[PDB]
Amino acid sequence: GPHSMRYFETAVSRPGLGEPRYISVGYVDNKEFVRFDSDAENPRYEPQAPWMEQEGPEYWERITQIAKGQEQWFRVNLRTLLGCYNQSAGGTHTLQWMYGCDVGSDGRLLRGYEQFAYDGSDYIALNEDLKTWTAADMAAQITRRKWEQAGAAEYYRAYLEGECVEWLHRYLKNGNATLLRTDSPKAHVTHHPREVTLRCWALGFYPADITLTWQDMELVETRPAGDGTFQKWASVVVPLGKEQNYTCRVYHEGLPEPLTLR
């Protein structure tokens, strides 16, 4: 199983209601492990996974000081962006940043990611080479030139290849009981008079990656079920009495043999 660490950082302005709200959420694969929220009483990073009880007070203090500095970087860059786009104060605006690393099943680095969005569309993103930038509009073309001159990409590349990978290795080991487990899906089919709708359900599985096929198709994005497992359904509309010709297939890391059901 390959693994990833990813952070999701968002600031959103709320003019006349106070300063922008800053939130940072960290994930290993699809497990949330830390979270900062500027609207909490006593904003700090807090653990959301049991393996993060291993880290000491120095770890929490240092990443909470990063969040306090990062909050101000998002608030000033929101205010810069209003002037770049000649926008009035008073409108709601959003700055997003997603970044992280992917490793193979042997732990070696597969790729890194740094991507920014203003008001929910691309702004600037670092290419797969971890060296050059893709600017999505006229403002981002100016940032790209300034960031090429300042060598921004070198600071991100050092993080993505070093710190990001080294912490992801530490979290996979400290949380191996949660993160390296395999919970195989429990599947069933439901029958809905309509035509007729056949719905193949997969419940109780871990990790989230799955394939559901009917042998066209309604489905939902794989979704968290509230206790750290995932679920998914896929449906087909079939002819009103000949539904035993149809077969639901499920592929998962915990099924050496895929399930077949009807």
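Numbering starts at 1 and follows the sequence shown.
Q: According to the entry, are there none, 1 to 3, 4 to 9, or 10 or more residues of the deposited sequence without coordinates between residue 42 and residue 43?
A: According to the record, the chain runs unbroken from residue 42 to residue 43.
Q: Please compare 224-232 with 196-204 and name the stretch with the higher mean C-alpha B-factor in the deposited structure.
A: Here the higher of the two C-alpha B-factor means belongs to 196-204.
Q: Taking only the CA atoms, which stretch has the higher mean B-factor in the record, 72-80 or 171-179?
A: Averaging CA B-factors over each stretch, the winner is 171-179.
Q: Between 32, 37, 53, 46, where does the Cα B-factor run highest in the record?
A: It is 53.
Q: When the modelled residues of the chain are sorted by Cα temperature factor, does residue 63 land in the lowest, middle or highest third?
A: Residue 63: CA B-factor falls in the middle third of its chain.
Q: Mind checking which third residue 89 falls in for C-alpha B-factor across the chain?
A: Tercile = highest for this residue's CA B-factor.
Q: C-alpha B factor of residue 132, ranked within the chain: lowest, middle or highest third?
A: Middle third.
Q: Is residue 144 in the lowest, middle or highest third of its chain when residues are ranked by C-alpha B-factor?
A: CA B-factor rank for residue 144: lowest third.
Q: Where does residue 187 sit by CA temperature factor within its chain: lowest, middle or highest third?
A: As the PDB entry reports it, the C-alpha B-factor of residue 187 lands in the highest third of its chain.
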